[PDB]
Every structure is written in structure tokens, then in C-alpha cells.
Amino acid sequence: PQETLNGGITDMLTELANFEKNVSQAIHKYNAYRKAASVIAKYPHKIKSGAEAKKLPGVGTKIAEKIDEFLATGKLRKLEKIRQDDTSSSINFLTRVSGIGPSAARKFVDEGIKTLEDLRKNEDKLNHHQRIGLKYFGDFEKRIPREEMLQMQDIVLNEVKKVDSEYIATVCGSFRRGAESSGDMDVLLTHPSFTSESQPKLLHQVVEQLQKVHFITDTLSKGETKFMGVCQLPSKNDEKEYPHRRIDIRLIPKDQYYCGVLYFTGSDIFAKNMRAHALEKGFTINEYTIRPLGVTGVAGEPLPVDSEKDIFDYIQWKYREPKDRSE
DNA sequence: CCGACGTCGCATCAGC
DNA sequence: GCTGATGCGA
DNA sequence: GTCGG
Ligand SMILES: Cc1cn([C@H]2C[C@H](O)[C@@H](COP(=O)(O)NP(=O)(O)OP(=O)(O)O)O2)c(=O)[nH]c1=O
Ligand SMILES: [Mg+2]
Ligand code: NA
Ligand code: NA
């Protein structure tokens, strides 16, 4: 209901989560802290003790103790300590560069590379993805206003149709959900000559065209069905430049399109809650298909899908439009 | 006591 | 050269 | 770290 009811606590758990993933390299702890952060931020009361919070599904003893220390002292001792730790905080920060995960960050800090400057002084030791992530460190953390998302959509749909009028391109993500701003642009791509049953360079032709009109500027990774890169809007004649933005383009078989749209429309936390319920109801869902689970709990053949609501029907959930799919 | 905790595509690395 | 494992991001 | 077999 409101971030400031227990925001001091949720910040704490979120901070603790990051250090688990990035420094301890313990992903399941990281999730446990965020799972607890989620359920507490939805708690419509100001928490007065660890024991009270422990009633919430996801909060156990160890987190309850920490809330007590926080409520009493207004801080965490393990957190004040790890914040000032040069090794730990450097590793944690370095992972904010796209391409640098917990492993690489630990490897960089170990040979003394602790900052963005140290990184820029050492371009040789970075791979392609990491260099680009370093180059656009600031831009990749900026949000994209909906107005710009719309202009970027204009260029995408236009140039996609120019390569082949039978391409189907849909911008998904938070944009499709109607958010006033997005973190990146998610593009789903579809062509009549590409299905599960079965032209060579369908994804490439779209990418290179977007490169030619000088929209796509860099490539993080590119395979046959999935592209990851950087793009930028053209600025007014003498006006200043737009930030470089992240854009993913994904070629999905046309007969699996709606499972793709649903999956990449999100939201991430919604898309998770859905498939979790689906599994509890006898189905399994991924980016391509929805398959019924057997009596020994094994998946069968992919069911037919001709709309997003079909997948909703299968798992006994009433339809939610993209704008209502945040959680 | 201790195992589960989501999954996909691509770059890169370990190893034959 | 090749297959398979691991790191990574969404 | 938490839940649950
Ligand atoms: C972050 C994330 C995303 N995904 C998938 C499912 C999401 O529905 C889909 C969208 O990803 P996104 O771009 O991180 N989510 P968004 O576009 O809704 O929010 P934003 O404005 O781009 O940050 O990517 C995962 O499967 N695991 C993840 O950890
Ligand atoms: Mg997105
Ligand atoms: Na509990
Ligand atoms: Na990163």
C-alpha cells in the first residue's frame, strides 16, 4: 500500500539480497531476501517486532532477528560493516555493469580492478559485452520515457515492414503494459515461414536493416533467434543527443507467438506467479508452449493456443489485460 | 536433517 | 576441430 | 534463508 510503512526494513532486505547474489554468490538466499522484501512491502501495517513479521509467509527466524535489531537500533551491524568493506562493496558495485556478473566482478577485484576507472584502464581484460556495458554504464541505468518508447516503436515497426511486409513485430515488456516509462525495449518477431515444424536469415535481415538506418549502434550478442544490442533515437538538428538504449529482438515460431507475447509482456513477477499456479493446476508454461502435466508429473504435447486468454482459460484464471499484469 | 528453490539463448571456457 | 559446462541477462 | 518433505 505504501513504501514508507516498512521501507527501512524493505531497503535493508533488498541490500542484503544484493550482497548474497553478488558477493556470497548464493542465489537462493538472494531470492529469499527479495521474497521476504515483497511480502513485507505488501503488509498494510507498521511492523512493531520481528515476531509479528515472522507470521508473514517468507519471513523466518534469521530475518525476524534482523528486524528486531533494525527496529531497536535503526540499523544493521552486518550491513554497516559490509558497506564499508572495500572488497565486498567493490564486487557488489561492479556487477552493475551489464556483462559483469558475480564471478567476473570477484575476478576483477582480486587483481585490483575495483572501479569503473580501473575498468576503463583495462579494456583488454573485458569481453565484448562488458566493454559495451562499461561504455554505456550511465545510459543503461536511465529509464525510457513512454514518449521515446513510442518513437522507437515507430522506427522498429516501420523498418521491419520494409524488409518484409509479412513480418509481425510486437513491442512487449512494461511498454505493452502501458507503463509511463520502461527500462528497455522488448521486441517479439514473427514470420509466416518460421514455425515449430520448420528462409535462412530471418532475424539477421531485420537487425542489419536497423543498423543501416543507424538506429542500432552496438551488438551485445546475436544468434539466429535472439539478438541483444544498443540503439539510439536521432536528435534534432542542433539539439542534444538521446541516451543509448537497450533493445532485445527475439524470433519466435509463429505458432508459438502468443506464449511468447504473454511471457515477454510480463511482468516478471506476474509471469512467475502465473506459471507457479499453472504447475499447481496440471500445466507447465514457458516462452513457447503450454503443456499438460501427466499423472507421474511429466509434460505432454503442447496444447493449442490462438490467443492470450486461451492460456488463462487452461489454468483457471480470469483474463487480465497487460495493464493489470504487474504482479 | 536436508533438498528445492525456473528457464531459455548466446558467449565463452574447460577439455577431448 | 569438436562437445559439453558455465557465466550471464531477461 | 525459508519452507517443507
Ligand atoms: C528480469 C527477468 C525477466 N525475465 C523475463 C520474463 C519477463 O516477463 C520478461 C520481461 O523482462 P523485463 O524487461 O526485465 N521486464 P519489463 O520490460 O516488464 O520491465 P522494464 O521496464 O523493461 O524494466 O523477461 C525473466 O525470465 N527473469 C528475470 O529475472
Ligand atoms: Mg523490458
Ligand atoms: Na512464517
Ligand atoms: Na551486470
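In what follows, chains carry the letters A, B, and so on, assigned in the order in which the sequence lines appear, proteins first and then strands, with residues in each chain numbered from 1. Values reported hereafter were calculated over all heavy atoms of this structure, with side chains retained and with hydrogens, waters and symmetry mates removed.
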Between A:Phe93 and A:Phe137 (judged by ring centroids, cut-off 6.0 Å), do the two rings come close enough to count as a pair? yes

Is the backbone of A:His45 close enough, under 3.5 Å, to the side chain of A:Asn6 for a donor and an acceptor to pair up by distance? yes

Can you measure A:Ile27 atom CD1 to D:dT2 atom P for me and round it to whole angstrom units? 16 Å

Considering only atom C1', compute the distance from B:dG9 to C:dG4 and round it to an integer number of Å. 16 Å

Under-4.0 Å side-chain N/O to phosphate OP1/OP2 contact, A:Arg34 with D:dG1: no

Could you check whether A:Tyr136 and A:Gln232, counting side-chain N and O atoms only, form a donor-acceptor pair closer than 3.5 Å? no

Need to verify one output field. Residue with the more 5' nearest nucleotide on DNA chain B, A:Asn31 or A:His128? A:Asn31

Donor-acceptor pair (no angle test) under 3.5 Å: A:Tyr263 side chain, B:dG6 base: yes

Give a yes or no answer on whether the side chain of A:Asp184 reaches the backbone of A:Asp248 with a donor-acceptor pair at less than 3.5 Å. no

Reckon A:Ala104 touches a base, only the sugar-phosphate, or nothing at all at heavy-atom distances under 4.0 Å? sugar-phosphate

Should A:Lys226 be listed as having a side-chain N or O under 4.0 Å from OP1 or OP2 of B:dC10? no

Can you tell me the distance, in whole Å, between the CG atom of A:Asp184 and the P atom of C:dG9? 13 Å

Can you check the A:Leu203 CG to B:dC10 P distance for me, whole Å? 8 Å

Taking C:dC8, C:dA10, B:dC10 as options, the one with an atom nearest any side-chain atom of A:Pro102 is C:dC8

At under 4.0 Å between heavy atoms, what does A:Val39 touch on the DNA or RNA strands: base, sugar-phosphate, or nothing? nothing

If we take the P atom in both B:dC5 and C:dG9, what is their distance in whole Å? 23 Å

OP1, OP2 of C:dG9 versus side-chain N and O of A:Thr95: anything below 4.0 Å? no

Name the nucleic acid region contacted by A:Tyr33, choosing base, sugar-phosphate or nothing; use a 4.0 angstrom heavy-atom cut-off, strictly under. sugar-phosphate

With heavy-atom distances below 4.5 Å as the criterion, would you say the side chains of A:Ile82 and A:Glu15 are in contact? no

Rounded to whole Å, please give me the gap between CD1 in A:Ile252 and P in B:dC10. 13 Å

North (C3'-endo side) or south (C2'-endo side) for D:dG1 via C1'-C2'-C3'-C4': south

Quick check: on DNA chain B, is the nucleotide nearest A:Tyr288 upstream (toward 5') of the one nearest A:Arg275, or the reverse? Name the residue that is more 5'. A:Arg275

Rounded to the Å, how far apart are A:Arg106 CZ and C:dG7 P? 13 Å

Between A:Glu287 and A:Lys226, does at least one N-O distance fall below 4.0 Å, as a salt bridge requires? no

Determine the contact category for A:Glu20: base if any of its heavy atoms lies under 4.0 Å from a base atom, sugar-phosphate if only primed atoms, P, OP1 or OP2 are that close, otherwise nothing. nothing

Closest to the side chain of A:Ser221, out of B:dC10, D:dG1, C:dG9, is B:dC10

OP1 or OP2 of B:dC8 under 4.0 Å from side-chain N/O of A:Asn286: yes

Any donor-acceptor N or O pair under 3.5 Å, side chains A:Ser307, A:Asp310: yes

Distance below 4.0 Å between A:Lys222 side-chain N/O and B:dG9 OP1 or OP2: no

Would you classify A:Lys21 as touching base, sugar-phosphate or nothing, given that sugar-phosphate means primed atoms plus P, OP1 and OP2, and contacts are heavy atoms under 4.0 Å? nothing

Let me know the distance between CD1 of A:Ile91 and P of C:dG7, rounded to the nearest Å. 15 Å

Could you give the CG-to-P distance, from A:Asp248 to B:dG9, as a whole number of Å? 14 Å

Using whole Å, report how far NE2 of A:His28 lies from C1' of D:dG4. 16 Å

Can you check the distance between B:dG6 and D:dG4, where both ends of the measurement are the P atom (answer in whole Å)? 15 Å

